[PDB]
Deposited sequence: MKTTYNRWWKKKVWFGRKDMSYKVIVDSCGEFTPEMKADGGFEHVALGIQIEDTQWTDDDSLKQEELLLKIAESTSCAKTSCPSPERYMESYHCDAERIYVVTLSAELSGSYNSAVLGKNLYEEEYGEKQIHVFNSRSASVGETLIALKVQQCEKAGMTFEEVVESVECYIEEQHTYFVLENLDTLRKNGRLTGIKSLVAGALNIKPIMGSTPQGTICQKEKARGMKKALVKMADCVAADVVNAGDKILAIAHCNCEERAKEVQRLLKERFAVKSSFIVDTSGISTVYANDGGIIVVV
């Protein structure tokens, strides 16, 4: 029986418990740098410690993508088929690194079925892509069929978010183009573009109205929602995640949905109180 495959995801992409329990998913860790602390975004770094370090540090956190060599090493294993899921190429060097890792692999070990998916997204966008790879594999697709089906899924997939604090994204150059100080409680509803950049979709005064407007934006774009899994990541605001889930359910029916805590990289850029939605 051929499940000779592995799904490698950079650490921005959260894993559910079931994905951790599965074994076919593996993270490649990014780096996080805050003042003189240099950490690896992995399961040893607790969100609370990270949020407290962010809150204490006057200077903005910095991050680094994984190296090509780390990606190469993750490809070298007994699995015949390697699928890699990364942060948007427009937000991070993770995609390019994964690709170069494949070039190095082939120089050292020869040809292998390795495909790098640029998510054009972040966080649970990556998670959902990883789930789709597994779904395709479970359906018995060939390697190239999985690549085609997943690239199609990426094209259908849209990302939305509302944060309390956009400064880490702004200061690290991830919000370029998007112009900026009206009402102090104004909350932008942000989202992906089809190229994997960030844009502003809407805005509202206060979080309660912004979550409704976010729900409406998601609902305006979604098609064939019954075929889709909806994902919500939250940074230290589980009840806000549940309320978003409730608002979305009022607007359209999905196959299923789930909620996760933000990863290290997701926490760094979303900040305390952030909500990310993907379908």
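Residues 1-17, 198-199 of the deposited sequence, counted from 1, carry no C-alpha coordinates in the model.
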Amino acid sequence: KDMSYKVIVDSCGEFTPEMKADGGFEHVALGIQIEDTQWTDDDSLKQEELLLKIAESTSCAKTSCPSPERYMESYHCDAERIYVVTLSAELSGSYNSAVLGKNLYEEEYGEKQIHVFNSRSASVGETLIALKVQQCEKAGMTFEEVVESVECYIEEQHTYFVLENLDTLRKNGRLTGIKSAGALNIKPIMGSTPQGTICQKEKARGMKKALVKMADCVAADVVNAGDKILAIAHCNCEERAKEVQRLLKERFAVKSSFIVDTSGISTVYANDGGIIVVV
From here on, numbers count along this sequence of modelled residues.
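Between 17-25 and 264-272, it is 17-25 that carries the larger average Cα temperature factor according to the deposited entry. Averaged over Cα atoms, the B-factor as recorded in the entry is higher for 171-179 than for the other of 171-179 and 142-150. The PDB entry assigns the greatest CA B-factor among 247, 232, 225, 51 to 225. Ranked within its chain, residue 253 lands in the highest third, by CA B factor from the PDB record. When the modelled residues of the chain are ordered by their C-alpha B factor, residue 117 lands in the lowest third.
Residue 104: CA B factor in the middle third of modelled residues in this chain (values from the PDB entry). When the modelled residues of the chain are ordered by C-alpha B-factor, residue 97 sits in the lowest third. In the deposited entry, the Cα temperature factor of residue 7 sits in the bottom third of values across the chain's modelled residues.
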